[PDB]
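Okay, here we've got a single chain as structure tokens, the form deposited in one PDB entry, with questions on binding and movement later.
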């Protein structure tokens, strides 16, 4: 409902999802697009760089010293793990998840002279290599408040439904090339992901209300 706030917990995140009426236009506003394809599939992106590896890189401060929490190893991509251990090359490493992917809703920063819908259109364009267009926007607006339990940071974002012109196959035959997204896929192919429950909830709330 317009009232209800729902809090999900994962091993990595706590997220509050609350229906609101208007998005507070300002400096740091993220707008996320929950995309439904023409043939009715919910979309999800795999972030190009994991949150874990981004954090790790930002924590370095020396030419001759590289520093990494082992707990983060299970939350990184193959190429990232390779980059970390490429020089040391020990026999093997532990705590790896070969099925890891960083699931994210598409979308981005609201710019100064920009409406919400224009922002959604533009960001969906940039993150899909010009392959996503919006036929119709939903009317339900959600506020997402995320605490990252690993890094102790809180993030705010706002989500809307985007019914796009493309089909699932339209976005799943050619690989993504831009710097933000490494893959666009059906959320329903991600049932075992840590984020699947709350993401599925976001889609269901946006379409079944």
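Definition used throughout: the rigid core is the maximal C-alpha set that superposes within 1.5 Å between two forms. Numbering follows the first chain given and starts at 1.
A second form of this protein, the form deposited in another entry, is not displayed here; the remarks below concern that form.
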query: Conformational change between this form and the one not shown, one of 136, 118, 97, 130, C-alpha moving 2 Å or more after core fit; finding: 97
query: Core-aligned C-alpha movement of residue 176 between this form and the one not shown reaching 2 Å; finding: yes
query: Did residue 39 shift 2 Å or more between this form and the one not shown, C-alpha, core superposed; finding: no
query: Rigid core superposed: residue 152 CA moves 2 Å or more between this form and the one not shown; finding: no
query: Sense of the change in Cα distance from residue 179 to residue 173 in the other entry - at least 3 Å versus the shown form; finding: closer
query: Sense of the change in Cα distance from residue 94 to residue 152 in the other entry - at least 3 Å versus the shown form; finding: farther
